[PDB]
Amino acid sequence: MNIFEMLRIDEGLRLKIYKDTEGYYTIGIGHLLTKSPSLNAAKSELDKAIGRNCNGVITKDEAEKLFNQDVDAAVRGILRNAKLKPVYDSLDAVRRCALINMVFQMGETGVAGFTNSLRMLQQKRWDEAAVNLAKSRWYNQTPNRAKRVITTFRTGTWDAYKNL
């Protein structure tokens, strides 16, 4: 497993515009288009993103391309965020993927927000952070995925993804 394989599992692949867990227009491997309720806004965003007339459909190549940009963006966002950098730099290679996973899913600001959980990760207090992390909207809304990610932070292994 690597970060690509992990996000691939959490997000699945769709070549047609679809609605998020939160009902937002997305495509590919979890590539949010817009939070606006109009399919029209979404298609406009899709065309902009791809640089062609898509009419709500992309190719797999194009999906993977958005995915390459989004993983790259998540890493760089981390490394630039004053709050996320130190945590990332303190973690081992498996757990770094867990952090990325959250930033990909809820954004930089989303994650910078888990003050207590990040303090716990930095301190390598793994059980404690897993409990703290479960005390969130994230976990109540997407439990299956959150368990997989929390499990990764707790164990530093890929066992949560092996099953899948």
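All residue numbers refer to positions in the sequence shown, first residue = 1.
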On average, which has the higher Cα B-factor in the deposited entry, 33-41 or 104-112? 33-41
Per the PDB record, is the mean Cα temperature factor higher over 136-144 or over 14-22? 14-22
If I read the C-alpha B-factors straight from the PDB entry, which of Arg52, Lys124, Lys65, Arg96 is highest? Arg52
So, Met1's CA B-factor, relative to its chain, sits in which third? The middle
Within this chain, which third does the Cα B-factor at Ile78 fall in: lowest, middle or highest? middle
Ranked by Cα temperature factor within the chain, is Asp61 in the lowest third, the middle third or the highest third? highest
